[PDB]
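Below: structure-v3.pdb (PDB, C-alpha atoms)
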ATOM      1  CA  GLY A   1      -9.097 -13.809   2.553
ATOM      2  CA  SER A   2      -6.878 -15.867   0.279
ATOM      3  CA  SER A   3      -9.663 -18.031  -1.097
ATOM      4  CA  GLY A   4     -11.824 -15.026  -1.893
ATOM      5  CA  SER A   5     -11.432 -11.594  -3.440
ATOM      6  CA  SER A   6     -10.699 -12.901  -6.916
ATOM      7  CA  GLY A   7      -7.816 -10.792  -8.170
ATOM      8  CA  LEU A   8      -6.685  -8.672  -5.246
ATOM      9  CA  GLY A   9      -5.768 -11.775  -3.282
ATOM     10  CA  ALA A  10      -3.426 -13.136  -5.925
ATOM     11  CA  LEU A  11      -2.117  -9.623  -6.442
ATOM     12  CA  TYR A  12      -1.664  -9.116  -2.719
ATOM     13  CA  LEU A  13      -0.054 -12.513  -2.280
ATOM     14  CA  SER A  14       2.516 -11.140  -4.695
ATOM     15  CA  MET A  15       2.953  -7.818  -2.938
ATOM     16  CA  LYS A  16       4.184  -9.957  -0.069
ATOM     17  CA  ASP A  17       7.101 -11.155  -2.163
ATOM     18  CA  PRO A  18       9.926  -8.756  -1.272
ATOM     19  CA  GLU A  19      11.497  -9.772  -4.563
ATOM     20  CA  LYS A  20       8.701 -10.626  -6.967
ATOM     21  CA  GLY A  21       6.472  -8.186  -5.121
ATOM     22  CA  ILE A  22       6.538  -4.827  -3.377
ATOM     23  CA  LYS A  23       9.643  -3.746  -1.502
ATOM     24  CA  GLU A  24       9.995  -2.781   2.141
ATOM     25  CA  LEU A  25      11.902   0.278   3.295
ATOM     26  CA  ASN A  26      12.081   2.172   6.567
ATOM     27  CA  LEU A  27      10.529   5.610   6.251
ATOM     28  CA  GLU A  28      10.285   8.273   8.929
ATOM     29  CA  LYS A  29       7.988  11.141   9.839
ATOM     30  CA  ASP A  30       8.452  13.761  12.530
ATOM     31  CA  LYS A  31      10.168  11.279  14.816
ATOM     32  CA  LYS A  32       8.902   7.772  14.164
ATOM     33  CA  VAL A  33      10.481   5.028  12.090
ATOM     34  CA  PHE A  34       8.267   2.725  10.060
ATOM     35  CA  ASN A  35       9.739  -0.630   9.108
ATOM     36  CA  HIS A  36       8.113  -3.008   6.655
ATOM     37  CA  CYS A  37       6.058  -0.163   5.236
ATOM     38  CA  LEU A  38       5.143   0.924   1.729
ATOM     39  CA  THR A  39       3.957   4.124   0.091
ATOM     40  CA  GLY A  40       0.640   5.293  -1.307
ATOM     41  CA  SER A  41       2.333   6.205  -4.566
ATOM     42  CA  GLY A  42       4.939   3.472  -4.322
ATOM     43  CA  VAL A  43       2.222   0.859  -3.978
ATOM     44  CA  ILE A  44       1.065   2.031  -7.386
ATOM     45  CA  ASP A  45       4.655   2.260  -8.561
ATOM     46  CA  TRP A  46       4.961  -1.488  -8.126
ATOM     47  CA  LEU A  47       1.706  -1.807 -10.031
ATOM     48  CA  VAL A  48       2.860   0.299 -12.957
ATOM     49  CA  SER A  49       6.393  -0.998 -12.550
ATOM     50  CA  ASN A  50       5.151  -4.495 -13.293
ATOM     51  CA  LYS A  51       2.485  -3.012 -15.533
ATOM     52  CA  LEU A  52      -0.576  -4.050 -13.563
ATOM     53  CA  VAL A  53      -2.507  -1.133 -15.008
ATOM     54  CA  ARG A  54      -2.382   1.274 -17.926
ATOM     55  CA  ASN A  55      -1.504   4.300 -15.830
ATOM     56  CA  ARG A  56      -0.962   5.423 -12.256
ATOM     57  CA  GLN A  57      -4.580   6.520 -12.071
ATOM     58  CA  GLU A  58      -5.973   3.044 -12.619
ATOM     59  CA  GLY A  59      -3.751   1.917  -9.769
ATOM     60  CA  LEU A  60      -5.106   4.676  -7.560
ATOM     61  CA  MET A  61      -8.512   3.060  -7.908
ATOM     62  CA  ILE A  62      -7.322  -0.519  -7.589
ATOM     63  CA  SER A  63      -5.107   0.425  -4.668
ATOM     64  CA  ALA A  64      -8.261   1.411  -2.822
ATOM     65  CA  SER A  65      -9.720  -2.022  -3.461
ATOM     66  CA  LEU A  66      -6.549  -3.451  -1.968
ATOM     67  CA  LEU A  67      -6.625  -1.231   1.096
ATOM     68  CA  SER A  68     -10.376  -1.572   1.471
ATOM     69  CA  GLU A  69     -10.231  -5.347   1.716
ATOM     70  CA  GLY A  70      -7.585  -4.726   4.351
ATOM     71  CA  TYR A  71      -4.569  -5.896   2.385
ATOM     72  CA  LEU A  72      -2.900  -2.620   3.286
ATOM     73  CA  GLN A  73      -2.954  -1.058   6.732
ATOM     74  CA  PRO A  74      -2.604   2.706   7.206
ATOM     75  CA  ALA A  75       0.293   4.030   9.250
ATOM     76  CA  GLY A  76       0.922   7.680  10.032
ATOM     77  CA  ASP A  77      -1.845   9.898   8.711
ATOM     78  CA  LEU A  78      -3.842  10.840   5.637
ATOM     79  CA  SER A  79      -4.447   7.221   4.707
ATOM     80  CA  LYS A  80      -6.120   6.767   8.071
ATOM     81  CA  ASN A  81      -8.024  10.036   7.970
ATOM     82  CA  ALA A  82      -9.060   8.891   4.514
ATOM     83  CA  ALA A  83     -10.162   5.407   5.501
ATOM     84  CA  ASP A  84     -12.150   7.312   8.097
ATOM     85  CA  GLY A  85     -14.599   8.774   5.608
ATOM     86  CA  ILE A  86     -12.968  11.364   3.383
ATOM     87  CA  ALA A  87     -14.544  10.630   0.020
ATOM     88  CA  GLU A  88     -15.176   7.655  -2.231
ATOM     89  CA  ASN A  89     -11.453   6.977  -2.302
ATOM     90  CA  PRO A  90      -9.768   5.746   0.886
ATOM     91  CA  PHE A  91      -6.428   5.419  -0.865
ATOM     92  CA  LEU A  92      -4.222   8.412  -1.572
ATOM     93  CA  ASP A  93      -1.774   8.400  -4.459
ATOM     94  CA  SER A  94       0.751  10.373  -2.444
ATOM     95  CA  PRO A  95       4.360   9.722  -1.412
ATOM     96  CA  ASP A  96       3.444  11.035   2.018
ATOM     97  CA  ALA A  97       0.815   8.404   2.723
ATOM     98  CA  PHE A  98       2.185   5.087   3.924
ATOM     99  CA  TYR A  99       0.795   1.576   4.182
ATOM    100  CA  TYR A 100       1.794  -1.853   5.435
ATOM    101  CA  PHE A 101       0.572  -5.435   5.347
ATOM    102  CA  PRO A 102      -1.365  -6.722   8.364
ATOM    103  CA  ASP A 103       1.357  -9.118   9.448
ATOM    104  CA  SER A 104       4.669  -7.313   9.128
ATOM    105  CA  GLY A 105       4.263  -3.583   9.617
ATOM    106  CA  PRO A 106       6.591  -1.661  11.941
ATOM    107  CA  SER A 107       7.734  -4.324  14.377
ATOM    108  CA  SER A 108       8.105  -2.856  17.846
ATOM    109  CA  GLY A 109      11.723  -2.813  18.957
TER     110      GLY A 109
END

Mind turning this structure into structure tokens?
Amino acid sequence: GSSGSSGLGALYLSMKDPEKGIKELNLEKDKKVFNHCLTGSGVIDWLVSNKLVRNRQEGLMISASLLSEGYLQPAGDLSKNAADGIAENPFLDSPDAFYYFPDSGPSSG
């Protein structure tokens, strides 16, 4: 959805930019590496970093909108369990939660 979702789209399109957008590091958990992944909080960090909102909170909400649409895929836990049907907020402003775009993500190999 690049022609729809007025706002998110554009925003997302940016997130793709590894320079003018969100970064991409390799995080771990237990015993699993995750390449081309982000962070629940980080995702918002880029938002605040660029000043997409007034505070982290705002981002927390927006973030959801991003994830919801499917611009951010859950990887690991929490985020998933959330997307499942936790509350009215699928996103989790936590450094533990991790997300990735449906195109890159942790490439097998």

Q | Selection result of the PyMOL selection byres ((chain A and resi 43) around 10) on this file, as a PyMOL selection string | A | chain A and resi 15+22-23+38-42+44-49+56+59-60+63+66+72+93-95+98-100

Export of the given selection (C-alpha atoms) as an mmCIF file, keeping the file's coordinate frame:
data_model
loop_
_atom_site.group_PDB
_atom_site.id
_atom_site.type_symbol
_atom_site.label_atom_id
_atom_site.label_comp_id
_atom_site.auth_asym_id
_atom_site.auth_seq_id
_atom_site.Cartn_x
_atom_site.Cartn_y
_atom_site.Cartn_z
ATOM 1 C CA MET A 15 2.953 -7.818 -2.938
ATOM 2 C CA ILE A 22 6.538 -4.827 -3.377
ATOM 3 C CA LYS A 23 9.643 -3.746 -1.502
ATOM 4 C CA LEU A 38 5.143 0.924 1.729
ATOM 5 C CA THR A 39 3.957 4.124 0.091
ATOM 6 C CA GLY A 40 0.640 5.293 -1.307
ATOM 7 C CA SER A 41 2.333 6.205 -4.566
ATOM 8 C CA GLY A 42 4.939 3.472 -4.322
ATOM 9 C CA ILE A 44 1.065 2.031 -7.386
ATOM 10 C CA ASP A 45 4.655 2.260 -8.561
ATOM 11 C CA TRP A 46 4.961 -1.488 -8.126
ATOM 12 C CA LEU A 47 1.706 -1.807 -10.031
ATOM 13 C CA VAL A 48 2.860 0.299 -12.957
ATOM 14 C CA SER A 49 6.393 -0.998 -12.550
ATOM 15 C CA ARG A 56 -0.962 5.423 -12.256
ATOM 16 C CA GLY A 59 -3.751 1.917 -9.769
ATOM 17 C CA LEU A 60 -5.106 4.676 -7.560
ATOM 18 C CA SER A 63 -5.107 0.425 -4.668
ATOM 19 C CA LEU A 66 -6.549 -3.451 -1.968
ATOM 20 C CA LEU A 72 -2.900 -2.620 3.286
ATOM 21 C CA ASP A 93 -1.774 8.400 -4.459
ATOM 22 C CA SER A 94 0.751 10.373 -2.444
ATOM 23 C CA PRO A 95 4.360 9.722 -1.412
ATOM 24 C CA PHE A 98 2.185 5.087 3.924
ATOM 25 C CA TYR A 99 0.795 1.576 4.182
ATOM 26 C CA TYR A 100 1.794 -1.853 5.435
#

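In this structure, CA of residue 36 (chain A) sits 17.3 Å away from CA of residue 80 (chain A).
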
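On the file presented, the PyMOL selection byres ((chain A and resi 2) around 12) picks out residues 1, 3, 4, 5, 6, 7, 8, 9, 10, 11, 12, 13, 14, 69, 70 and 71 of chain A.
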
Q: Can you turn the PyMOL selection byres ((chain A and resi 29) around 12) into a concrete residue list for this file, as a list in words?
A: residues 26, 27, 28, 30, 31, 32, 33, 34, 35, 75, 76, 77, 95, 96, 97 and 98 of chain A

Q.
I want to know what sits within 7 Å of residue 64 (chain A), based on all atoms listed in the file, with residues of the same chain fewer than 5 positions away left out; could you give that as a ChimeraX atom specification?
A. /A:89-91

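With all atoms listed in the file as the basis for measurement, A:57 is the residue among A:105, A:37, A:57, A:17 that approaches residue 92 (chain A) most closely.
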
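Note that CA of residue 52 (chain A) and CA of residue 101 (chain A) are 19.0 Å apart.
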
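With all atoms listed in the file as the atoms that count, the residue of A:19, A:102, A:50, A:68 with the shortest distance to residue 83 (chain A) is A:68.
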
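CA of residue 58 (chain A) is positioned 20.1 Å from CA of residue 74 (chain A).
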
Missing atoms in region 61-80 of chain A: fill them in up to N, CA and C atoms and send the result as a compact mmCIF listing (two decimals), in the coordinates of the input.
# COMPACT_ATOMS: atom_id res chain seq x y z
N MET A 61 -7.22 3.69 -8.15
CA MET A 61 -8.51 3.06 -7.91
C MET A 61 -8.34 1.66 -7.32
N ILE A 62 -7.57 0.84 -8.03
CA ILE A 62 -7.32 -0.52 -7.59
C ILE A 62 -6.77 -0.50 -6.16
N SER A 63 -5.73 0.30 -5.97
CA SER A 63 -5.11 0.42 -4.67
C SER A 63 -6.18 0.44 -3.57
N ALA A 64 -7.17 1.29 -3.78
CA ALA A 64 -8.26 1.41 -2.82
C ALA A 64 -8.83 0.02 -2.52
N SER A 65 -9.17 -0.68 -3.59
CA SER A 65 -9.72 -2.02 -3.46
C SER A 65 -8.82 -2.87 -2.56
N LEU A 66 -7.52 -2.71 -2.75
CA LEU A 66 -6.55 -3.45 -1.97
C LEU A 66 -6.67 -3.05 -0.50
N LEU A 67 -6.53 -1.76 -0.26
CA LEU A 67 -6.62 -1.23 1.10
C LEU A 67 -7.97 -1.64 1.70
N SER A 68 -9.03 -1.26 1.01
CA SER A 68 -10.38 -1.57 1.47
C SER A 68 -10.40 -2.97 2.10
N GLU A 69 -10.23 -3.97 1.26
CA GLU A 69 -10.23 -5.35 1.72
C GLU A 69 -9.49 -5.46 3.05
N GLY A 70 -8.39 -4.72 3.14
CA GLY A 70 -7.58 -4.73 4.35
C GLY A 70 -6.19 -5.30 4.08
N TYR A 71 -5.86 -5.37 2.80
CA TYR A 71 -4.57 -5.90 2.38
C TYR A 71 -3.45 -4.90 2.71
N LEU A 72 -3.85 -3.67 2.97
CA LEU A 72 -2.90 -2.62 3.29
C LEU A 72 -3.41 -1.82 4.48
N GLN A 73 -2.60 -1.78 5.53
CA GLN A 73 -2.95 -1.06 6.73
C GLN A 73 -2.30 0.32 6.74
N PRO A 74 -3.10 1.34 7.15
CA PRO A 74 -2.60 2.71 7.21
C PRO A 74 -1.67 2.91 8.40
N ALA A 75 -0.67 3.75 8.20
CA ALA A 75 0.29 4.03 9.25
C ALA A 75 0.82 5.46 9.08
N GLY A 76 0.49 6.29 10.06
CA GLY A 76 0.92 7.68 10.03
C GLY A 76 -0.28 8.63 10.05
N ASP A 77 -0.71 9.00 8.85
CA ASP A 77 -1.84 9.90 8.71
C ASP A 77 -2.34 9.86 7.26
N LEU A 78 -3.28 10.76 6.97
CA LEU A 78 -3.84 10.84 5.64
C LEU A 78 -4.61 9.55 5.33
N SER A 79 -3.85 8.51 5.02
CA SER A 79 -4.45 7.22 4.71
C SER A 79 -5.54 6.88 5.73
N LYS A 80 -5.19 7.05 6.99
CA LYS A 80 -6.12 6.77 8.07
C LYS A 80 -7.31 7.73 7.97
